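Engineer: Could you have a look at this structure, given as structure tokens, before my questions?
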Amino acid sequence: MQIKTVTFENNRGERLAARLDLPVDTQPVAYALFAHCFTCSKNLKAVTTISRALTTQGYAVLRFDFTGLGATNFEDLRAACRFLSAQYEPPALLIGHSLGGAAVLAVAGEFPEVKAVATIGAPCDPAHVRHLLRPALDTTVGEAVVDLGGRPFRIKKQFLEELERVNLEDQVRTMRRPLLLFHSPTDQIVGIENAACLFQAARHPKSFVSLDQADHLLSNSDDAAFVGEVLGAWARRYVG
């Protein structure tokens with residue numbers, strides 16, 4: 001594995017940063033976009049453990065920090081996908097954790113080259129997102145403060161507005177791509193009922209893997225390794 005810092009712009013010319021994790025394979029089996037909220041934790045051990053499991057299997061992984069902790073919206077995720085399409089290969093796998101999971105599910109259908117989608121702890125609807133969010137104080141307008149049980153962060157109000165308008169369950173039903181949902185039954189932030197909701201909305205192929213006693217932010221790195229290894233093995237059926 002080699003890790004690189006990358007930079008790219010969105011359609012407003014704003015500069016975004018990400019980390020690109022490359023495998024030993026000169027040609028990766030696939031490039032994955034991984035939109036996540038693990039930056040809410042005390043460290044990045046969860047996301048680097050997942051990413052390392054994927055690079056071990058030959059994937060390249062673009063880690064996109066959805067929290068902005070180092071304000072996000074759908075266009076920033078699209079910008080990351082365009083960056084991969086231009087400078088690498090269009091991503092064949094989308095991965096989303098927490099709010100990032102809701103985001104990748106809502107945009108996956110926009111990208112024909114995406115062959116598989118996987119999420120971790122994703123909420124299924126606006127009511128369960130509202131549980132996590134409150135309006136931020138205006139000065140910079142139109143943002144919200146998110147609480148996932150760790151470091152809080154800001155996002156654009158446009159995110160929930162757009163998510164509510166496109167309807168996540170409709171998007172999942174019409175995605176026409178294989179889906180893998182990970183969720184902990186003991187998740188205190190986004191309840192396990194959200195995974196059942198998403199699974200019922202989806203069409204086959206659809207899959208679900210239980211994270212047993214894991215927490216929302218995967219603070220046990222054994223759980224993060226598990227997610228990465230299973231995800232990589234599963235997606236290989238579809239990406240090549």
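Residue numbers start at 1 in each chain; chains themselves are named A, B, ... in the order of the structure tokens; ligands are numbered from 1 in the order shown.
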Mind checking which residues fall within 6 Å of region 31-48 of chain A, counting only C-alpha atoms, ignoring those fewer than 3 positions away in the same chain, and posting them as a VMD selection string?

Structural biologist: chain A and resid 51 to 52 59 to 67 91 93 to 97 100 150 to 151 217 221 224

Engineer: What are the closest atom pairs, with distances in Å to one decimal, for all residues of region 170-218 of chain A lying within 8 Å of region 119-129 of chain A? Consider only C-alpha atoms, order rows by chain and residue number, and present the result as JSON lines.

Structural biologist:
{"residue": "A:180", "atom": "CA", "partner": "A:119", "partner_atom": "CA", "distance": 6.5}
{"residue": "A:181", "atom": "CA", "partner": "A:119", "partner_atom": "CA", "distance": 5.1}
{"residue": "A:182", "atom": "CA", "partner": "A:120", "partner_atom": "CA", "distance": 4.7}
{"residue": "A:183", "atom": "CA", "partner": "A:121", "partner_atom": "CA", "distance": 4.9}
{"residue": "A:184", "atom": "CA", "partner": "A:121", "partner_atom": "CA", "distance": 7.1}
{"residue": "A:187", "atom": "CA", "partner": "A:121", "partner_atom": "CA", "distance": 7.7}
{"residue": "A:190", "atom": "CA", "partner": "A:123", "partner_atom": "CA", "distance": 6.0}
{"residue": "A:191", "atom": "CA", "partner": "A:123", "partner_atom": "CA", "distance": 7.9}
{"residue": "A:192", "atom": "CA", "partner": "A:121", "partner_atom": "CA", "distance": 7.9}
{"residue": "A:194", "atom": "CA", "partner": "A:124", "partner_atom": "CA", "distance": 5.0}
{"residue": "A:195", "atom": "CA", "partner": "A:124", "partner_atom": "CA", "distance": 7.0}
{"residue": "A:197", "atom": "CA", "partner": "A:124", "partner_atom": "CA", "distance": 6.2}
{"residue": "A:198", "atom": "CA", "partner": "A:124", "partner_atom": "CA", "distance": 5.7}
{"residue": "A:216", "atom": "CA", "partner": "A:121", "partner_atom": "CA", "distance": 6.3}

Engineer: Can you list, as a count of residues only, every residue of region 3-229 of chain A that DSSP puts in strand (DSSP E)?

Structural biologist: 60

Engineer: Here is a test: counting only C-alpha atoms, which residue of A:78, A:156, A:237, A:19 is nearest to residue 138 (chain A)?

Structural biologist: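 Among the listed residues, A:156 lies closest to residue 138 (chain A).
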
Engineer: Within 12 Å of region 230-235 of chain A, which residues of region 147-213 of chain A come that close, and what is the closest atom pair and distance in Å for each? Count only C-alpha atoms and give it as a Markdown table.

Structural biologist:
| residue | atom | partner | partner_atom | distance |
| --- | --- | --- | --- | --- |
| A:177 | CA | A:235 | CA | 11.1 |
| A:178 | CA | A:235 | CA | 8.6 |
| A:179 | CA | A:235 | CA | 9.2 |
| A:180 | CA | A:231 | CA | 7.8 |
| A:181 | CA | A:231 | CA | 9.6 |
| A:182 | CA | A:231 | CA | 9.1 |
| A:205 | CA | A:234 | CA | 11.5 |
| A:206 | CA | A:234 | CA | 11.3 |
| A:207 | CA | A:234 | CA | 9.6 |
| A:208 | CA | A:231 | CA | 10.9 |
| A:209 | CA | A:230 | CA | 8.9 |
| A:210 | CA | A:230 | CA | 11.3 |
| A:211 | CA | A:230 | CA | 11.3 |

Engineer: Which distance in Å separates CA of residue 220 (chain A) and CA of residue 54 (chain A), to one decimal?

Structural biologist: 17.7 Å

Engineer: Pick out the closest residue to residue 74 (chain A) from this set: A:20, A:104, A:148, A:141. Count only C-alpha atoms.

Structural biologist: A:104

Engineer: Which is closer to residue 169 (chain A) than all the others in A:11, A:55, A:200, A:186, using only C-alpha atoms?

Structural biologist: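 Among the listed residues, the smallest separation from residue 169 (chain A) belongs to A:200.
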
Engineer: Ranking A:130, A:203, A:157, A:115 by minimum distance to residue 90 (chain A) and counting only C-alpha atoms, which one comes first?

Structural biologist: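 Looking at the shortest contact to residue 90 (chain A), the residue is A:115.
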
Engineer: List the neighbours of residue 9 (chain A) out to 9 Å using only C-alpha atoms; skip same-chain residues closer than 3 positions along the sequence, and give me the result as JSON, numbers by chain.

Structural biologist: {"A": [12, 13, 14, 15, 16, 17, 76, 79, 80, 83]}

Engineer: Nearest to residue 185 (chain A): which of A:134, A:159, A:166, A:215 is it, counting only C-alpha atoms?

Structural biologist: A:215

Engineer: Would you compute the distance between CA of residue 114 (chain A) and CA of residue 99 (chain A)? Give it in Å to one decimal.

Structural biologist: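 Calculated distance between CA of residue 114 (chain A) and CA of residue 99 (chain A) is 19.2 Å.
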
Engineer: Report the distance between CA of residue 174 (chain A) and CA of residue 238 (chain A) in Å, rounded to one decimal place.

Structural biologist: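 We find that CA of residue 174 (chain A) and CA of residue 238 (chain A) lie 17.7 Å from each other.
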
Engineer: Kindly indicate which residue among A:136, A:160, A:155, A:225 lies nearest to residue 68 (chain A), using only C-alpha atoms for the distances.

Structural biologist: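 Nearest candidate to residue 68 (chain A) out of A:136, A:160, A:155, A:225: A:155.
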
Engineer: As number ranges by chain, which residues of region 109-139 of chain A does DSSP assign to alpha helix (DSSP H)?

Structural biologist: A: 126-130

Engineer: If you keep C-alpha atoms, can you produce a file of those selected residues as a CSV table (one decimal), in the first residue's frame?

Structural biologist:
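Below is the file that was written, out.csv:
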chain,number,residue,atom,x,y,z
A,126,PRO,CA,-34.8,12.2,6.8
A,127,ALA,CA,-36.4,11.5,10.2
A,128,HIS,CA,-33.3,9.5,11.2
A,129,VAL,CA,-31.0,12.1,9.8
A,130,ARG,CA,-32.8,14.9,11.7
